[PDB]
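In the structure tokens that follow, the same protein chain appears in two forms, which are kept apart as structure 1 and structure 2.
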Structure 1
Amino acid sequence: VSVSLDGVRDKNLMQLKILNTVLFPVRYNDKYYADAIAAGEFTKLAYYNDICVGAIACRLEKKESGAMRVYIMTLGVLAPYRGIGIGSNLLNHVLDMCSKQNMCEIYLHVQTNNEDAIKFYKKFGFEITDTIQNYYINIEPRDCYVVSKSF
């Protein structure tokens, strides 16, 4: 699939906000957006068929060891454009960037009943490494897996 990726900045931020409003249940706060922009190459908008149709947004975090890791905050593709590889293109980009920028780990939280997502991330080498009950993945407490991949 021919996907064109662009960084997120003030000038195209509203594109990401629109995608999130369609894809995710509640308004994301301004620290999500600041963290996404600050994550650099790890946050991308996807363009296909001359339209912005998806995004991946990460936060970068420093561990006490000195090591660095990537947290996937959101990954999503608009419904009419799913199943043709755009979401895989976004995640492959981020995984490649983990290696290039010497990240030790990437991880995210997935609600425990979100079988589609667990299946999706395991295809890319992720594994469940923890279970957190009543985690605030959005605004309500939900049981979640920590889903991670080590480098």
Structure 2
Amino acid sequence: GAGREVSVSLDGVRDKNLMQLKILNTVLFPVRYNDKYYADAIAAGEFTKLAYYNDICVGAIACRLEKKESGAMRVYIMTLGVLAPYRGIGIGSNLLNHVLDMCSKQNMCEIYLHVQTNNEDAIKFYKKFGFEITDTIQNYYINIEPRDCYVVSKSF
């Protein structure tokens, strides 16, 4: 796959490199994220990563974990993004494949994410990995248009 054939290095997110994630998020997403987002992303440990290409931080995947009463793990992908000059060369796939590999180590894992309903490019990207649109939430986002999201998910 495309993620297996790009020279990328992944690093975990910690307090010492948190500013890199904050800059990426400021550029990539119109949603403003607060301290709870950053605490959740760090607490997801191996599921949250920064991506480095040509020794520059160019993307990230940030997750939030929840343990269900069944004992199964639910993984939320909170954010996934790659800086525009470095898109289309496998970095997003590398980040997502890393999370999918971490999920395969937890039995009966399920993964959920939210995507704006007009983000046709991202929807196509996720469908390649086996994700499906399973729901729509009206008025999910406050200030952007459209305000609706798809809930996109994959079960293991």
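Residue numbering: sequential along structure 1, first residue numbered 1. Only residues modelled in both forms are compared. We call the rigid core the largest set of C-alpha positions that still match within 1.5 Å between the two forms.
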Quick one: core overlaid, is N138 moving 2 Å or more at the Cα between the two structures?
-> yes
State yes or no: after fitting on the rigid core, is the Cα displacement of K119 between the two structures at least 2 Å?
-> no
Examine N29 after superposing the rigid core and state whether its CA is displaced by 2 Å or more between the two structures.
-> no
Aligning on the rigid core, what is the distance the CA of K63 moves between the two structures, in angstrom?
-> 2.6
Keeping the rigid core fixed, work out how far the Cα of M103 travels between the two structures, to one decimal in Å.
-> 5.2
Stretches of at least 3 consecutive residues with Cα shifts of 2 angstroms or more throughout between the two structures, after core superposition, read in sequence order as 62-67, 101-103, 136-141
